[PDB]
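Encoded as structure tokens, the structure appears first; notes follow it.
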Ligand SMILES: *Cc1cc2c(cc1C)nc1c(=O)[nH]c(=O)nc-1n2C[C@H](O)[C@H](O)[C@H](O)COP(=O)(O)OP(=O)(O)OC[C@H]1O[C@@H](n2cnc3c(N)ncnc32)[C@H](O)[C@@H]1O
């Protein structure tokens, strides 16, 4: 007979990242024994290369699939009410803007989706640049002519790295086991009679456990064979430095987002604004053999900034990010970004998660497919990974997250185009 929860060991691979750390957290909250939970990561939580290890992420509701609503409401409640998480949600509002007929029409539909989801009280439609300037007067009326916007009063931004770090502290305090670097870098599941009984890391260290979760984000499909259910892509950011005087003006600013332009955040406590552009992401295809592959594989393998910290971003990205600064913050259009880096996610075809047991390897569970939209689910997602581990995951969640190699083309996913490849977008490499 299988051990009871109190005696069930679980290895969480990628446990220094977003979904992994959440999974570890909820294992403990769910009454697994902390010392029976092992978090393994290539880098100490919060992992240097985790997409969650960031200054700032957007908190907001975005409804791409039906299951999105439930997950978003859970997340919102916890960012507002959970003592572990509350202090890292800055409820400054979210300004989701569009310009041009196509983008504006899509926004109008997005707005109505939010209403129909029951969020009318916390979302308003802004039908002119004047309405927009009321929620964010530091925008230039020159630059945002003909823009419209949804303002989500209930949105804002998340101090991402800090939130994960507080999860790490909690796990540490509770007695969770850690292995990092060589001791934490997953290479293979250990298998017996078609059952997963642990993992081996690059330094040869073996961990034995009743259950294994693979929450390795953009590395997941590089680590085990996922038949292109996930395709990993990079987005880009840079930082600009404000004087204390300049920063003070932008204090408590709503997040500003435009799908055709990018997005930026109020200054952190160091006077630093993070800016991203928006685009369909970049692959970096190469030859690589994930565990369980039965043929030569060309797949998108993250070019990790943590591994290659001299890397920057493509020249085209430097250009697009600068035009974003020019548009959003024209008075700053002449600042030089620094800390420019690529940040890695993995897209499924339908942009829903992949959270499911491996069809072959009993007790090995996938928890990835973040599809670039999942940091906000830090608080709650781990709970459902536990439900899946335990066989209690709701049918609608279970279906949406299921093993589905047949599902479609992740390279394009739900985005405007197939991702281009870093090989064809020069200027990021300085080896
Ligand atoms: C890139 C990006 C993503 C992003 C965003 C802006 C950018 C530039 N803006 C967002 C926003 O405003 N709001 C939001 O909700 N999400 C946003 N995203 C996406 C978000 O960052 C990601 O969807 C999410 O963080 C992904 O989480 P996940 O847990 O899937 O991935 P991770 O945090 O990267 O964790 C992966 C971990 O796995 C470890 N790893 C890798 N290889 C190994 C091996 N071999 N062994 C053990 N561990 C491994 C990594 O170290 C990492 O910690």
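Numbering (PDB author numbering), first residue to last: 1 to 431. We put the CB at the ideal spot given by N, CA and C, even for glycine.
Contact check for residue 255 against residue 365 fails: the beta carbons are separated by 8 Å or more. Annotation for residue 373 indicates a beta carbon within 7 Å of some heavy atom of ligand 1. A contact between stretches requires three or more CB pairs, one per stretch, nearer than 8 Å, and the segment 20-34 fails this requirement with the segment 189-202.
DSSP places residue 144 in the coil class of the three-state scheme, outside both helix and strand.
A check of alpha carbon separations from residue 396 across 167, 371 and 353 identifies 353 as the nearest.
Of 403, 246, 109 and 380, the smallest CA-CA separation from residue 63 is found for 109. Along the segment 26-76, the beta strand (DSSP E) occurs as fully enclosed runs of 3 or more residues at 37-41 and 57-59, listed in sequence order.
Excluding the 5 residues flanking it on each side, residue 304 has same chain C-beta neighbours closer than 8 Å at 49 and 344, in chain order. With contacts defined by Cβ atoms closer than 8 Å, residue 37 and residue 10 form a contacting pair. Judged by their CB atoms, residue 341 and residue 257 are not nearer to each other than the 8 Å cut-off. Taking all protein chains in view, the Cβ of residue 296 is surrounded by fewer than 16 other Cβ atoms within 10 Å, so the residue is classified as exposed. The DSSP-derived three-state label of residue 317 is helix. Residues 290, 291 and 292 of the same chain have their beta carbon placed closer than 6 Å to that of residue 224, with the five preceding and five following residues left out of the count. In the three-state reduction of the DSSP assignment, residue 200 falls in the strand class.
The beta carbon of residue 178 lies closer than 7 Å to those of 39 in the same chain, with the five residues before and after it left out. Taking all protein chains in view, the Cβ of residue 208 is surrounded by fewer than 16 other Cβ atoms within 10 Å, so the residue is classified as exposed. Between the alpha carbons of residue 419 and residue 428 lies a gap of roughly 16 Å. Every beta strand (DSSP E) stretch that sits fully inside the segment 170-234 and reaches 3 residues is listed by chain position as 177-180, 186-192, 195-201, 206-208 and 211-214. By the CB criterion at 8 Å, residue 148 and residue 104 fall inside the cutoff.
Per the DSSP secondary-structure output, residue 157 pairs in a beta bridge with 58 and 90.
When rounded, the separation of the alpha-carbon atoms in residue 82 and residue 298 is 43 Å.
The alpha carbon of residue 150 has as its nearest neighbour, out of 372, 70 and 94, the alpha carbon of 94. Between residue 72 and residue 155, the alpha-carbon positions lie close to 11 Å from each other. The alpha carbon of residue 126 has as its nearest neighbour, out of 118, 111, 119 and 117, the alpha carbon of 111.
Excluding five sequence positions before and after residue 278, the CB atoms of its chain that fall closer than 6 Å to its own CB belong to 259 and 262, given in chain order. The shortest C-alpha to C-alpha distance from residue 69 to any of 79, 114, 308 and 253 is the one to 114.
When the alpha-carbon of residue 188 is set against those of 130, 138, 26 and 220, the nearest one is in 220.
Annotated as distal: residue 400 and residue 230, with beta-carbon spacing of 8 Å or more. According to DSSP, residue pairing for residue 11 in a beta bridge involves 38 and 212. DSSP places residue 278 outside both helix and strand once states are collapsed to three, so it counts as coil.
Within the chosen limit of 7 Å, ligand 1 reaches the beta carbon of residue 40 through at least one heavy atom.
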